[PDB]
Structure formats: C-alpha cells, structure tokens
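Undergrad: sequence, then structure. It's an experimental one.
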Amino acid sequence: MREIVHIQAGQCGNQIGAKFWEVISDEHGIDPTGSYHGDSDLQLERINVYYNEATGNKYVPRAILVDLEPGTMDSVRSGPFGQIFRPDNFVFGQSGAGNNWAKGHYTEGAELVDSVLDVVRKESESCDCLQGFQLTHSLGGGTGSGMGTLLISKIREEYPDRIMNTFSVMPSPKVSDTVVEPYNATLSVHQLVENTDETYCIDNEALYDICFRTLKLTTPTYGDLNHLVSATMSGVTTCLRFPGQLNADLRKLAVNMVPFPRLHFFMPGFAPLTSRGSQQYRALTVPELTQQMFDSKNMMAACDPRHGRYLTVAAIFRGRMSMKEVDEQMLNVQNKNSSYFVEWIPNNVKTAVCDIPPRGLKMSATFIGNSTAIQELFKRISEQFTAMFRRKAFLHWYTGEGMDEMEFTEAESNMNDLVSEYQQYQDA
Amino acid sequence: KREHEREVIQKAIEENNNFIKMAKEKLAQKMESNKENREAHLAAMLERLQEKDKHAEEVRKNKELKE
Ligand SMILES: Nc1nc2c(ncn2[C@@H]2O[C@H](COP(=O)(O)OP(=O)(O)O)[C@@H](O)[C@H]2O)c(=O)[nH]1
Ligand SMILES: [Mg+2]
C-alpha cells in the first residue's frame, strides 16, 4: 500500500499543515510550482505516498484543506507553498465555529461535512492502494476539534478497513485562546480513543516550555511553536516517505506500536532542538543525539517519562552516520535504563536510519514513544474540565447547540477510564 | 452515532423555535392586557365626568322647579 490522504482542519490544523507540506516538499525537491528540482533518486522513490502526479510532470499534495471560516485558508493560499495545493481541495464555510466543539461536530460542521467527503472520495478513487488518512487539527478550538472528529467518524464509516491517524495539538493555559479548551479537548479525546489507530499528542504546554526554557525565546509565538511541530512531523513520517525497512507504512507502524487498541496516543521527541532561523554549526555525535532524543526536555508532550514505562518505542536517525554506532547507542540506552521499558514486550525498541537529513542539520533523531506516562497529559485536561464542570460553568455555549450534560459526563468518564487503563499497564 | 447527531441538531432547532414562539406569545399577551387596562382607566374617567353632567342637569332642573 502506498497512498496517504492528508486532511488539515481549522486554524491550527491548517497552520501546522501548511508548514508540514512546506518542509516535506523541500525534502522531496518539490518547489512552489510543483516542479521537481532535486539531485537524488531517494527523493522520488516513494513520492506517491504524499503526492499525486498530474502531467507536467508536476507533483500535487494529496491534501484537503478544511475550515468553517475563510480567514486561515486565504492565509495558506497566499502563503509560501500556497500555489501547490489543488484549488478544489479547499473546502470552507463562512460562519466559523467560535471555539465551540458542539458547533464543529453537530451544527455548523454538519452543514459542511458532506462537501469534504466528496473531496475525500475523489482523492481516494485515484489511489492504487490507499493506506489511510492523516489529520492535523487542534483539540482546543471548534473546527479542528469538533468538525475534525466528525470527519473521522464519517471517514471510518465509509472506509472501515483503512488506517486513521492524527497529529492532535493539546491545549494548555500557558498558550490559550479561551477557557472552554478543556471542554473541547475532553469531548475530542473521547472520539479519538474510539476512532483513530494512532495519535501523535502535540502538547502546546511542552512546545511552550521548550521554546522558553531551552531555546531561550522569552515570548514564543505560534510560528516558534510550529517550527518544532513541523520538525517532529517531518521526523515521524520519514519511514513512510523514504525507502526503508521498518514502520514503512501506516499499518505496520500501528502493529508495532499499539499493543491494546485504546492505548494509541504517542509522545514524540526530537533532537537537536533548534529555533527558527538561527543555525547550529556543530553536528551532534551519535551518543549526543541518542541522549537528547530520550530526554524529557526534548518531548513534545509535557509528561515525565520517568513517571511511567515505555510499552513500545520507534526511533528514526537521519543523516550520514555510523549505523554500528547507532545500534550500540540505542542498545546502551535500553540496557542502562531497562526498568523503564516493560519486560513483557521483548525488544520493544525499533530503530531506523535514513541517509537524507532534514534542511539545515547534518544529523537528527526523532523519537516516537508509547509511554504510560502520557496519562499525565489526560489527568491535566481532566482536572481543568472538572474545575469548570462541577459548577457547570460555560456550559450554555454547548446546550444552546443541542447538547445535554450527559454527553460531557460520558466523555469525562471515558477519559478517566483511559487514564486508569494506562495505570494498569504501568504496574503490570 | 448518526441518529444521535440528527437528534442534537433537531433539539437545537426545537429550542430556538420554542424561544421564538414563547417570546411572540408573552409579548402579545402583554400588549393585549395593556390596551385593555389603559382603555378601562380611560372609560372610568369618562364615566366620572359623565356623572358630573348628569348632576349639573339635575341641579339646573332643581332651580327651575322653584318660584
Ligand atoms: N501549536 C499551535 N497551536 C495552535 C495554533 N493555532 C491555534 N492553536 C491552539 O489551537 C487551539 C484553538 O484551536 P484553533 O485551531 O484556533 O480553532 P479552530 O479553527 O476552531 O479549530 C488552542 O489550543 C490554541 O492554543 C498553532 O498555529 N500552533
Ligand atoms: Mg483560533
């Protein structure tokens, strides 16, 4: 299986989504025209995973852009790689979702969703062998969160044997738009637990902290946060995009990473951590990459890895380096810290190497972990949800769109089940 | 799930229509009760003045029937 269909929803979804296509396009040698101007053949070998060929010979991203507002999509279209997207893959309403999950999922989103599925079907039909879908969205707003999870439900109904994966941005009070973000996040998680196969948890708390503590940026913008996201995203999709042995498609990644169907929320990690523009001149040694990629301070989800156990780990090393030194360092980490890797999944750490480094670095490592420490992320959202929900505060925004309190109670309970299910395996 | 989604949007339409309905009806009862009360307050004033003309007729009557 080859083709992945990419969907980006809402302001956050479309902003990280645009950056993703920007970064991977440069790696595959594709320019704003859709014209290849690269040297290596490794660049084109698996280009069909993400790109359509339309005679030119031009490469068109298999990408559908979705919003309930036109704003951020006009931003994308007049942005750097804006011309590359298929204009018919732009699907927008006018009325917005007002950071309201109920509007995205039930009222405004319901009005727009069929048009999105027409574009999904049109893209799915040109595929030799569709692998499945990736979605970029946030959980804190209304469109990416409410409408994004509506879309996932409808995509699963029409394609139940395909893999569904998400890059899901979790909200934090540190970088926050509205007080209702915990409501929107809890309702979205409930969906994600049932209808995705694999979810990369991108924690805005973590991205903020990395920017503040490590990159010495005193006031991080979304741009700074998204630079970390696009690097992580390029990293986690390396094995899908380039010639390679393991985690080479979406189903094989799921089979190695997900021991129990509900526990499919991954903590990504990246090394070296770099800020935008400002370059680093000294390449990292393989021992340094390996130490940094496993460091809590390189994690994109604000969870302490020492507070849990790793179920499974995938590690991707990028650049020209010694594969023998990689195996040794990877083996050294596990042997040194063996109590943090569950002993009932043997050889639960898999490593891949790709020759092509990302732009502006000679060496990089990407970490994908399924840790039971992710539970800290869900506990945090749960705490914020309950603080409001016990006084039913802000609920009228949701009941006004037809929702009952019961739906909140159920979504909370399911998220608490997920928490305690993680705790079960951290002690087994 | 699709049936649940249909029910939520229907609930929302129903409650919005109920609010419009009930606001339309409370306003119409208020405008009616008010028109009636204003009218009864005026009818009573006019009646009091009617009884003054009736008393003035009767007083002029009482004058002429004395010589
Ligand atoms: N990391 C990141 N988070 C974002 C960005 N834009 C918005 N957010 C976060 O996304 C959430 C709000 O959702 P947003 O995508 O703006 O609303 P939507 O358009 O209705 O889906 C909040 O948690 C914001 O902190 C972005 O560009 N990057
Ligand atoms: Mg927003």
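TA: Perfect, I can see it now. Residues are numbered from 1 along each chain as shown, chains lettered A, B, ... in the order given. Ligands and ions are numbered 1, 2, ... in the order given.
Undergrad: how close does the nearest residue to residue A:373 once chain neighbours are set aside get to residue A:345?
TA: Nearest in space to residue A:373, with sequence neighbours left out and distances taken as C-beta to C-beta, 6 or more residues apart in numbering or on different chains, is residue A:308 at 3.1 Å. The way it works is simple: take the backbone N, C-alpha and C, and place the C-beta from them, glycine included. Distance of residue A:308 to residue A:345, computed by C-beta to C-beta, to the nearest Å: 14 Å.
Undergrad: and the spatially most central residue of chain B, backbone torsions?
TA: Taking C-alpha atoms, centre = their mean as the criterion, residue B:33 is the residue nearest the geometric centre of chain B, at 2.4 Å. With angles defined as degrees, to the nearest 10, residue B:33 shows backbone torsions of phi -50, psi -40.
Undergrad: quick check, the strand or helix carrying residue A:184 touching chain B?
TA: Secondary structure from DSSP states H and E places residue A:184 in helix A:181-195. No - interface with chain B: helix A:181-195 contributes nothing (C-beta under 8 Å from any C-beta of the partner chain), its closest point being 9.6 Å away.
Undergrad: more neighbours, residue A:308 and residue A:345?
TA: Regarding residue A:308 and residue A:345, a neighbour count based on other C-beta atoms under 10 Å in any protein chain shown identifies residue A:308 as having more, with 22 against 15.
Undergrad: the residue nearest to residue A:373 reaches residue A:419, doesn't it?
TA: No - under the criterion of C-beta atoms under 8 Å, residue A:308 makes no contact with residue A:419, lying 11.7 Å away.
Undergrad: overlap in contacts, these two.
TA: Here residue A:308 and residue A:419 share the contacting residues residue A:375, scored by C-beta atoms under 8 Å, 6 or more residues apart in numbering or on different chains.
Undergrad: buried ones in the helix holding residue A:184?
TA: Judged by neighbour count using 16 or more other C-beta atoms under 10 Å in any protein chain shown, the buried positions of helix A:181-195 are A:181-193, A:195.
Undergrad: now swap in stretch A:339-354 and tell me
TA: Going by neighbour count (16+ other C-beta under 10 Å), the buried part of stretch A:339-354 is A:340, A:341, A:342, A:348, A:349, A:350, A:351, A:352, A:353, A:354.
Undergrad: any chance you could map the strands in the stretch 151-300 of chain A?
TA: Secondary structure of the stretch 151-300 of chain A, counting by DSSP state E, counting those that start in this stretch: strands at A:163-170, A:198-203, A:265-271.
Undergrad: could you dump those to a markdown table with mean neighbour count and distance to residue B:5?
TA: Written out in a markdown table, the entries for the strands of the stretch 151-300 of chain A read as follows (neighbours: other C-beta atoms under 10 Å in any protein chain shown; distance: least, C-beta to C-beta, whole Å):
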| stretch | mean neighbour count | distance to residue B:5 |
| --- | --- | --- |
| strand A:163-170 | 26 | 19 |
| strand A:198-203 | 24 | 22 |
| strand A:265-271 | 26 | 25 |
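Undergrad: nearest to ligand 1 among these would be which one?
TA: Closest to ligand 1 of the strands of the stretch 151-300 of chain A is strand A:163-170 (C-beta to the nearest ligand atom; 4.8 Å).
Undergrad: direction included, what does that closest one pair up with?
TA: Taking DSSP bridges as the criterion, strand A:163-170 pairs within the sheet with strand A:132-138 (parallel), strand A:198-203 (parallel).
Undergrad: relative to helix A:181-195, how tilted is it?
TA: Between the axis of strand A:163-170 and that of helix A:181-195 there is an angle of 170 degrees, by axes from the mean of the first three to the mean of the last three C-alpha atoms, to 10 degrees.
Undergrad: angle of strand A:163-170 against strand A:265-271?
TA: Between the direction of strand A:163-170 and that of strand A:265-271, the angle (the same axes, to 10 degrees) works out to 70 degrees.
Undergrad: how far away from the center of its chain is strand A:163-170?
TA: When distances are taken as C-alpha atoms, centre = their mean, to the nearest Å, strand A:163-170 is centred 5 Å away from the chain's centroid.
Undergrad: counting neighbours, what do you get for residue 67?
TA: No chain specified, so I'll use chain A. Burial measure for residue A:67: 27 neighbouring residues, criterion other C-beta under 10 Å.
Undergrad: my question was about chain B
TA: Close neighbours of residue B:67, defined as other C-beta under 10 Å, add up to 4.
Undergrad: for residue B:7, same thing?
TA: Neighbouring residues of residue B:7 were enumerated by other C-beta under 10 Å; the total is 13.
Undergrad: can you tell me the element it falls in?
TA: Under the criterion DSSP H and E, the helix or strand holding residue B:7 is helix B:2-64.
Undergrad: roughly how far apart are residue A:147 and residue A:111?
TA: When C-beta to C-beta is applied, the distance between residue A:147 and residue A:111 equals 10 Å.
Undergrad: er, residue A:2 actually
TA: If you go by C-beta to C-beta, the gap between residue A:2 and residue A:111 works out to 33 Å.
Undergrad: please list the residues of chain B that sit near chain A.
TA: With C-beta under 8 Å from any C-beta as the criterion, chain B comes near chain A at residues B:1, B:2, B:5, B:7, B:8, B:9, B:10, B:11, B:12, B:15.
Undergrad: state which one residue of chain B is found closest to chain A.
TA: With C-beta to the nearest C-beta as the measure, residue B:12 is the residue of chain B nearest to chain A, at 3.4 Å.
Undergrad: so what's that residue closest to, chain neighbours aside?
TA: Closest residue to residue B:12 apart from its sequence neighbours, by C-beta to C-beta, 6+ apart: residue A:402 at 3.4 Å.
Undergrad: determine the number of other residues adjacent to residue A:36.
TA: 17.
Undergrad: contact partners for residue A:323?
TA: For residue A:323, counting by C-beta under 8 Å, 6+ apart, the contacting residues are residue A:353.
Undergrad: next one: residue A:93
TA: Contact criterion C-beta under 8 Å, 6+ apart gives A:67, A:68, A:69, A:108, A:111, A:112 as the residues in contact with residue A:93.
Undergrad: so how far is residue A:107 from it?
TA: To residue A:107, residue A:93 is 11 Å away according to C-beta to C-beta.
Undergrad: over to residue A:198?
TA: Looking at residue A:198 against residue A:107, where the rule is C-beta to C-beta, the gap reads 29 Å.
Undergrad: do residue A:171 as well
TA: 21 Å.
Undergrad: need the buried residues of helix A:181-195 in JSON lines with distance to residue A:99, can you?
TA: Output for these, formatted as JSON lines (distance: C-beta to C-beta, whole Å):
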{"residue": "A:181", "distance to residue A:99": "8"}
{"residue": "A:182", "distance to residue A:99": "12"}
{"residue": "A:183", "distance to residue A:99": "10"}
{"residue": "A:184", "distance to residue A:99": "7"}
{"residue": "A:185", "distance to residue A:99": "11"}
{"residue": "A:186", "distance to residue A:99": "14"}
{"residue": "A:187", "distance to residue A:99": "12"}
{"residue": "A:188", "distance to residue A:99": "12"}
{"residue": "A:189", "distance to residue A:99": "17"}
{"residue": "A:190", "distance to residue A:99": "18"}
{"residue": "A:191", "distance to residue A:99": "17"}
{"residue": "A:192", "distance to residue A:99": "18"}
{"residue": "A:193", "distance to residue A:99": "22"}
{"residue": "A:195", "distance to residue A:99": "22"}
